[PDB]
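With the entry's author numbering applied, the sequence shown closes on residue 1434, and no number is skipped along the way. Report on one structure; see the data block that follows.
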Amino acid sequence: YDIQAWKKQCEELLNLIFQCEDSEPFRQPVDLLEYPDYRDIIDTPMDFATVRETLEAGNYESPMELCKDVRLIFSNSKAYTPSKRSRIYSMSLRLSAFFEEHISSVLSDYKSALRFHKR
Ligand SMILES: CCn1cc(NC(=O)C2CCCC2)cn1
């Protein structure tokens, strides 16, 4: 029933993601000095520190907006990868599976709570 519960649930999920070794390439914005053509391919960079900061600033209205930014981290990795077998991209796939498995109940509970609120 709790319309606000998603926020702490997302904070806890981000803490687990930061402890995951697979998140290391995605914890801070992609370094343009190491990947000089990154912005020729990626229009909207995204990373987990930006997501956490957006959440902590009170700049997400719903967990769907946070989930759109997290999915952008993974689609950027897929768009930038030179190969579907590359190390960083392979780490993004595992991390994406872990994120999707945990965010599902957050989204479901929020949407159910909001439908109850508007009943
Ligand atoms: C292949 C594109 N790509 C780069 C990163 N990650 C990085 O640049 C981080 C910046 C700080 C330490 C390493 C993830 N994906």
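Virtual Cβ for every residue (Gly too), placed ideally from N, Cα, C.
Can you tell me whether residue i is helix, strand or coil according to DSSP?
i            : result
residue 1335 : coil
residue 1361 : coil
residue 1343 : coil
residue 1375 : coil
residue 1409 : helix
Using a threshold of 7 Å, state whether the C-beta atoms of residue i and residue j are closer than that.
i            : j            : result
residue 1317 : residue 1341 : no
residue 1418 : residue 1382 : yes
residue 1409 : residue 1337 : yes
Check the C-beta distance from residue i over to residue j and give it rounded, since I have them as a contact under 8 Å.
i            : j            : result
residue 1413 : residue 1335 : 7 Å
residue 1365 : residue 1344 : 7 Å
residue 1354 : residue 1348 : Residue 1354 to residue 1348, Cβ: 12 Å. No contact.
Please go through the same chain and pick out, in chain order, the residues whose beta-carbon is closer than 6 Å to the beta-carbon of residue i, but skip the five residues on each side of it.
i            : result
residue 1411 : 1389
residue 1329 : 1367
Within its chain, find whatever has a CB closer than 8 Å to the CB of residue i; leave out the 5 residues flanking it on each side and keep chain order.
i            : result
residue 1403 : 1340, 1392, 1396
residue 1332 : 1338, 1363, 1410, 1413, 1414
Judging by CA-CA distance, which residue of the options is the nearest neighbour of residue i?
i            : options                : result
residue 1323 : 1434, 1386, 1373       : 1373
residue 1387 : 1351, 1430, 1407, 1426 : 1407
residue 1325 : 1384, 1431, 1430       : 1384
Kindly list the residues whose CB is nearer than 7 Å to the CB of residue i, restricted to its own chain and excluding five residues on each side of it in sequence; keep chain order.
i            : result
residue 1428 : 1316, 1317, 1318
residue 1422 : 1378, 1379, 1382
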